Amino acid sequence: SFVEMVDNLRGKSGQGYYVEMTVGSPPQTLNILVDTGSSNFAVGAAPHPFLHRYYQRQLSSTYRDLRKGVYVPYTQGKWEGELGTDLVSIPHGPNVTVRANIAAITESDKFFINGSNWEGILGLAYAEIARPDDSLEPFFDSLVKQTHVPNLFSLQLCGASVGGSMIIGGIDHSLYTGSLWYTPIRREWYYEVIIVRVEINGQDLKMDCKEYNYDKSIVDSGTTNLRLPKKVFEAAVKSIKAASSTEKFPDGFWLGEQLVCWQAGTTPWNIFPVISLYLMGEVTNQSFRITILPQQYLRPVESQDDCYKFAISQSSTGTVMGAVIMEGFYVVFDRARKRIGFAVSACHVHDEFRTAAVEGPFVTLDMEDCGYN
Ligand SMILES: CCCN(CCC)C(=O)c1cccc(C(=O)N[C@@H](Cc2ccccc2)[C@@H](N)C[C@@H](C)C(=O)Nc2ccc(F)cc2)c1
């Protein structure tokens with residue numbers, strides 16, 4: 001049942017959302033980070049200063065060695081591991097056990113976060129970008145193949161310790177208000193979408209829409225910030241900087257290096273603009289926009305003063321729709337129908353005068369005009 005899967009995600013702000021999983025026989029409990037931005041299921045398999053527990057292949061009778069080395073470089077951080085198969089379960093997910101590929105992390109650089117409470121990564125994206133090759137079946141692919149669990153999952157990430165829901169095998173209707181708006185998955189590698197228009201405070205950025213997706217645009221639960229290509233970032237910052245001319249900022253603030261503070265509860269939310277990302281619909285006249293408040297891109301950081309970090313950074317590998325974007329919304333990864341749905345989450349940040357929204361329809365440009373090749 002879907003009720004059993006509600007509130008099954010936990011985490012710490014800016015340290016990722018994780019799900020409880022068991023590996024091996026007898027089952028070993030491990031918290032695993034939910035990452036829609038990669039395709040490898042990997043778990044710490046050796047002692048680490050940041051790990052409280054790890055996967056022990058010697059203690060599992062159902063463990064099978066694949067005798068193959070694997071290495072995955074992320075945008076930030078990387079790990080090395082030995083490949084193998086074992087029985088995997090999700091206690092607060094569907095009541096099933098599956099044989100899946102597991103990368104036993106032996107060494108890593110800047111991957112694990114100190115006190116994050118997670119011990120591994122669940123790559124929910126497609127085989128095309130799995131390491132070392134697309135022949136290594138990702139976990140969700142293994143789950144669908146072995147069971148009757150529908151080829152669909154949905155993420156409801158809630159902001160300010162953080163909680164959330166990963167509904168495996170369908171959609172939970174109590175976790176969203178209004179309508180679900182779907183955007184096509186352009187290619188089955190990352191969860192690649194197409195951004196067709198960007199509006200800041202109702203003003204069009206007036207950029208070639210191919211720039212918004214320069215290289216690509218991806219939906220990534222394993223990235224905190226909203227990330228934009230160099231050119232788009234430059235224009236976006238120029239808009240937010242000009243909208244908030246009343247307050248003075250340090251130079252490092254816009255680069256995610258410095259924090260800005262105000263008096264307790266005297267945060268000037270009003271002068272910070274809303275950002276509208278328009279996502280191409282399955283039909284071009286059925287496109288829609290997701291609007292995010294300053295409360296989403298100005299992340300709270302730990303003095304009675306309220307301090308905030310600018311949670312928009314530039315990218316070299318295209319747009320990344322991180323937690324910042326996802327946190328206000330119920331995001332449905334409809335793999336079966338090659339599309340991603342957006343709806344207003346039940347756990348949204350409540351602004352007095354403004355509201356985060358998924359609104360449509362809109363007429364926009366299509367894949368020919370906005371897609372990069
Ligand atoms: C959420 C925790 C807080 N952090 C980490 C702490 C600063 C962030 O918000 C953060 C900030 C910047 C970058 C990344 C980042 O690289 N995240 C990784 C996931 C991950 C999660 C936790 C620890 C480190 C990495 C992906 N989600 C990124 C994708 C694009 C990618 O590399 N795919 C990819 C790469 C190779 C491949 F063969 C196929 C696919 C994450």
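We count residues from 1, following the sequence as given.
Neither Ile275 nor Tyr214 shares a network with the other; the hydrophobic side chains, linked directly or stepwise wherever heavy atoms of I, L, V, M, F, W or Y lie under 4.5 Å apart, form separate groups for each. There is a path of hydrophobic side-chain contacts, each under 4.5 Å, that joins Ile102 to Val96. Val349 and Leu298 are assigned to two separate hydrophobic clusters, defined by single-linkage of ILVMFWY side chains at heavy-atom distances under 4.5 Å. By the criterion of side-chain heavy atoms lying less than 4.5 angstrom apart, applied directly or through intervening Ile, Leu, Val, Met, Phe, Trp or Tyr residues, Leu152 is grouped together with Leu122 in one hydrophobic cluster. With hydrophobic clusters built from ILVMFWY side chains whose heavy atoms lie under 4.5 angstrom apart, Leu293 does not share a cluster with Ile200.
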Apply the test side-chain contact (heavy atoms from CB on, under 4.5 Å) to residues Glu119 and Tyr54: give CA-CA distance (whole Å), side-chain angles for both, the deciding distance (0.1 Å), then the verdict. CA-CA 7 Å; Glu119 294 90 38; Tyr54 59 101; over 6 Å; no
Go through the steps for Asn117 and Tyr18 under the test side-chain hydrogen bond (donor to acceptor under 3.5 Å, both in side chains), then give the verdict. CA-CA 8 Å; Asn117 212 43; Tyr18 58 77; 3.0 Å; yes
Show your reasoning for whether side-chain contact (heavy atoms from CB on, under 4.5 Å) applies to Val34 and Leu155. CA-CA 9 Å; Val34 165; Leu155 290 172; 3.8 Å; yes
Trace of the side-chain hydrogen bond (donor to acceptor under 3.5 Å, both in side chains) decision for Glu137 with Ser142: CA-CA 6 Å; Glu137 208 168 81; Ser142 283; 2.8 Å; yes
If you apply the rule side-chain hydrogen bond (donor to acceptor under 3.5 Å, both in side chains), what do you find for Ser60 with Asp86, and how did you get there? CA-CA 8 Å; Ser60 165; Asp86 216 330; 2.6 Å; yes
Go through it in stages, so that I can follow the logic: the residues are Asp172 and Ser174, the test is side-chain hydrogen bond (donor to acceptor under 3.5 Å, both in side chains), and I'd like the CA-CA distance, side-chain angles, deciding distance and then a yes or no. CA-CA 6 Å; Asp172 194 292; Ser174 94; 3.0 Å; yes
May I have the step-by-step check of side-chain contact (heavy atoms from CB on, under 4.5 Å) for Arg227 and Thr75, ending in yes or no? CA-CA 11 Å; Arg227 297 180 115 237; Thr75 304; 3.6 Å; yes
Let me see the working for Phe310 and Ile240 under side-chain contact (heavy atoms from CB on, under 4.5 Å), right down to the final yes or no. CA-CA 11 Å; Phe310 189 66; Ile240 308 151; 3.9 Å; yes
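At a cut-off of 3.5 Å, with distance as the only test, no side-chain donor of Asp305 or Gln263 sits close to an acceptor on the other residue. A donor-acceptor contact closer than 3.5 angstrom is absent between the side chains of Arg354 and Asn270. Side-chain polar atoms of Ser165 and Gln156 form a donor-acceptor pair below 3.5 angstrom. No side-chain N or O of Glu359 forms a donor-acceptor pair with one of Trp181 less than 3.5 Å apart. A side-chain donor from one of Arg99 and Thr85 sits under 3.5 Å from a side-chain acceptor of the other. Side-chain contact of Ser89 with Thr97: a donor-acceptor pair under 3.5 Å is present, judged by distance alone. With hydrogens and angles left out, the side-chain atoms of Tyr74 and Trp79 include a donor and acceptor closer than 3.5 Å.
For the pairing with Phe41, the side-chain contact (heavy atoms from CB on, under 4.5 Å) check across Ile32, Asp35, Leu124 returns one residue only, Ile32. Considering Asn225, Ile325, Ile292, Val274 in turn, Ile292 is the only one that fulfils the side-chain contact (heavy atoms from CB on, under 4.5 Å) rule with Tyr297.
Proximity of a side-chain donor or acceptor of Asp215 to a complementary backbone N or O of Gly318 within less than 3.5 Å is not detected. No donor-acceptor pair closer than 3.5 Å links the side chain of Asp208 to the backbone N or O of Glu211. Judged purely by atom type and a 3.5 angstrom limit, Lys230 has no side-chain atom pairing as donor or acceptor with the backbone of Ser316. Checked by atom type and distance alone, the side chain of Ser245 pairs as donor or acceptor with a backbone atom of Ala242 at under 3.5 Å. In this structure, the side chain of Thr266 does not engage the main chain of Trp262 through any donor-acceptor pair within 3.5 Å. Remark: side-chain polar atoms of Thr22 are not paired, donor with acceptor, to backbone N or O of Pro27 under 3.5 angstrom.
Taking the centre of each ring, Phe342 and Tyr330 stay at or above the 6.0 Å mark. Side-chain rings of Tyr308 and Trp269 approach one another, their centers coming within less than 6.0 Å. Ring centroids of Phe288 and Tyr278 are separated by 6.0 Å or more, keeping the two rings apart. Proximity of the aromatic rings of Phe50 and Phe112 is defined here by a centroid distance below 6.0 angstrom, and this criterion is not met. Annotation: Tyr126 is not in aromatic contact with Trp189 [ring centroid separation under 6.0 Å not met].
Annotation: side chain of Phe333 is in contact with side chain of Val219 (closest heavy-atom distance under 4.5 Å). No side-chain heavy atom of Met5 sits under 4.5 Å from any side-chain heavy atom of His92. Between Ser345 and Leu175, every side-chain heavy-atom pair lies at or beyond the 4.5 Å cut-off. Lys309 is not listed as a side-chain neighbour of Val260, based on a closest heavy-atom distance of 4.5 Å or more. Residues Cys370 and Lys210 fail the side-chain proximity criterion, which asks for heavy atoms closer than 4.5 Å. Side-chain contact check for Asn40 versus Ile129: every heavy-atom pair is 4.5 Å or farther apart. At least one side-chain heavy atom of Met21 sits under 4.5 Å from a side-chain heavy atom of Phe139. Side chains of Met280 and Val193 form no contact here, defined as non-hydrogen atoms less than 4.5 Å apart.
Closest approach of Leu136 and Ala130 over heavy atoms only: O-CB, 3.8 Å. Counting all heavy atoms, side chain and backbone alike, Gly371 lies closest to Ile194 at CA-CD1, 3.8 Å. Shortest non-hydrogen contact noted between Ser221 and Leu157 is CB-CD1, 4.4 Å. Between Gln286 and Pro361 the shortest heavy-atom distance is CA-CB, 4.2 Å. Across all their heavy atoms, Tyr212 and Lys206 have their closest contact at OH-N, 4.0 Å. When all heavy atoms are compared, the tightest approach of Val344 to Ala356 is CG2-O, 3.9 Å.
Under 4.0 Å is where a charged nitrogen must lie from a carboxylate oxygen, and between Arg197 and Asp204 at least one such pair does. Looking at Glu188 and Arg335, no side-chain N of the basic residue comes within less than 4.0 Å of a carboxylate O on the acidic one, giving no salt bridge. Classification of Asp7 and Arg10 as a salt-bridged pair holds, one side-chain N sitting under 4.0 Å from a carboxylate O. Using a 4.0 Å cut-off between a side-chain N of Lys or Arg and a carboxylate O of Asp or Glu, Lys238 and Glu234 do not qualify as a salt bridge. A salt bridge links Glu82 with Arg57: at least one charged nitrogen is closer than 4.0 Å to a carboxylate oxygen.
Rounding to the nearest 0.5 Å places CZ of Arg187 at 13.0 Å from CD1 of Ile218. To the nearest 0.5 Å, the span separating CZ on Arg299 from CD on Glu327 amounts to 8.5 Å. Atom-to-atom distance recorded for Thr364:OG1 and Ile195:CD1 is 11.5 Å, nearest 0.5 angstrom.
A cation-pi arrangement, defined by a distance under 6.0 Å to the six-membered ring centre and an angle within 45 degrees of its axis, is present between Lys216 and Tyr190.
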